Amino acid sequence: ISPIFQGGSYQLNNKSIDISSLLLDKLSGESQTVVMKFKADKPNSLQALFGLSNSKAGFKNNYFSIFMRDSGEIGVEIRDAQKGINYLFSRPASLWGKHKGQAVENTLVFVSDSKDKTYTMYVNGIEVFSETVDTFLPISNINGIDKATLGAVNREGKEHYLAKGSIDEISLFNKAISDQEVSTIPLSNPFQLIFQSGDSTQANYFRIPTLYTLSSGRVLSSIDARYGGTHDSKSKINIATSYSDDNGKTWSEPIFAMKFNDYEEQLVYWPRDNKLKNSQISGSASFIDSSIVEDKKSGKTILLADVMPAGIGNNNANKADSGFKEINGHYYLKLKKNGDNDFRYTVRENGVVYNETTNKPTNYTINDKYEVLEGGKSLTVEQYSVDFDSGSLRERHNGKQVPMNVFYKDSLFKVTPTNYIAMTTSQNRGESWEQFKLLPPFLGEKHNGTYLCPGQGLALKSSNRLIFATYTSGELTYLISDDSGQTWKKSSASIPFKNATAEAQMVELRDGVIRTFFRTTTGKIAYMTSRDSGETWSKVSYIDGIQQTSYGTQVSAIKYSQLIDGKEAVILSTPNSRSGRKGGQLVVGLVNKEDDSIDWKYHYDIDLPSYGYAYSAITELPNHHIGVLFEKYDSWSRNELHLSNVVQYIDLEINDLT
């Protein structure tokens, strides 16, 4: 079905374009679709792209607008004072500005549907809001509309919300086009999605991306599949993975590397209003923060993640307890039974549940999947589902039985409410994953477990050594295996911080020489160096030339395989900003062989300084391109919680960076 208006190549240079004569008399009926392809690489703070207004005296609040902010937020207003209606729908972090130095053509589709009383906005193929109202307001039914305007809104004869940008194509339809028809509108996206809302994970949200290039050429990604909005644990979160066999061009349907069944995997639209946005799934077990490494010797892929029992996160995790008991220099997982006040059980060899008060064993065993068996028979619990039908979050039994797991709220036997580290392996490069195994405590019986640094582990090039960085109060705790992840030992490296989220990632500068880059609380990224393949660690130094916030952000890092400007090169990915998680950059550093110092020579801006960029994952693709999977939004900001499809993937070449 044809547009009632089609126009193109409009330059918005702080001067509105009047299209009233062309458009206004064409508008008919109560349903409309706006399709617009536009660039804005230097937007004003708040600017309107399109406006339909009553421009007369006394009617300044009678207008429809499509607007954007220099934060990347997109929205509309639909206002009519006579009707007492002032609608505003918007979503932060919905836009691109630039990619490889060039302004990005954003594709916006806005649907105003009088029959369903629903307003829906898509940007770049992503639905960013869909809102139904009791009292519908057709956009051309605003009392006294007499102006159609590009690049401003005409109110009382003046240009409000002047825009800087361009509208390369704009079309209007006297129909609410279907979601199907929307899907056929061609896009000019600079990015792709690996994980996305409605995929096999059925999580509506994703955080904490990782990337790793396997020896076969397959590129593997892992991620937090986050169900209860974007909240850290406590929530329901699983760890999902996807891989690409064609240098990141296409990606497999995700599968789970680590998951719990105590709560249903539900695709939920988590409330974003101030009253409810802190609603949190409070009774589910969860995983959080994954990291991947490949072992050259066995060929296995190893993935670790933090594990949280039901109701548990970092804020309420039992510090002062590892969750294990030491009996002979061996560690056993503690368990508490229904009705006891203390943990009077342990899980011994082969999974036998022992009673500790009487050193007498039980008729209960824990299988490989941490599920409870009584006399070899699988115990079950009823699953929970969540909903907001009542006007607040509700967590309730759904009639389905699932194996009873010791990390569950409803389990007969429960682990200590603290954080653990789990490991799984894959023998087929991410096509399937084993059942996870808990790592032992490394800092003692009465120390809670360390926190995994999300991203990559390190496989040393000249040995079989595998390292996963973790952090805790006062130190980085490196976990080291020389036997394909069968056994681990720790290597502690003190840092001058108490209670820092010291997320750390490593690069091997040359054989046996590791530089670790890490998040701090100082506004600068720190580093330390090992020259004995991780046995001992230097004092902490700081990078100048990159700014982070006081609270910091995860940083990703790789050793590039090729020389640049004749030198060994390292590439860092991080926001570069002392204000928020925005201004994403890749920073190319050249190693000085004299002293292993790094000269941070090239800074590549991923997108606008004002556009969001948070946790990130970088990998050198088999073709020597650079793959970047990153949170394209401010994942700290309390205004940008619970956004869908903001973790995105781009492909870059080194010449783009320099």
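By rigid core we mean the largest C-alpha set that fits within 1.5 Å across both forms. So that there is no doubt, residue numbering starts at 1 and follows the sequence shown.
Asks: Which of these two stretches, 354 to 362 or 289 to 297, has the larger RMS Cα offset in 5 other deposited structures of this protein when the rigid core is kept aligned?
Replies: Stretch with the larger root mean square C-alpha distance in 5 other deposited structures of this protein: 354 to 362.
Asks: Read off the CA B-factors in the entry, average them over 26 to 34 and over 611 to 619, and name the higher stretch.
Replies: Result: 26 to 34.
Asks: So 354 to 362 or 271 to 279, which one's hotter by mean CA B-factor in the entry?
Replies: Between 354 to 362 and 271 to 279, it is 354 to 362.
Asks: For the CA B factor values reported in this entry, which option in 467, 333, 386, 421 has the top one?
Replies: When the deposited C-alpha B-factors of 467, 333, 386, 421 are compared, 333 is largest.
Asks: Highest Cα B-factor in the deposition, which of 605, 594, 70, 631?
Replies: Highest C-alpha B-factor among the listed residues goes to 594.
Asks: Would you please rank residue 380 by its C-alpha temperature factor against the other modelled residues of its chain and give the third it falls in: lowest, middle or highest?
Replies: Middle third.
Asks: Residue 548: which third of its chain by C-alpha temperature factor?
Replies: Lowest third.
Asks: Classify residue 66 as lowest, middle or highest third according to the C-alpha B-factor given in the PDB entry, relative to its own chain.
Replies: Answer is lowest: the recorded C-alpha B-factor places it there.
Asks: Is the Cα B-factor recorded for residue 576 in the lowest, middle or highest third of its chain?
Replies: Answer is middle: the recorded C-alpha B-factor places it there.
Asks: Going by the CA temperature factor in the PDB record, which third of the chain does residue 478 belong to: lowest, middle or highest?
Replies: Its C-alpha B-factor belongs to the middle third of this chain's values.
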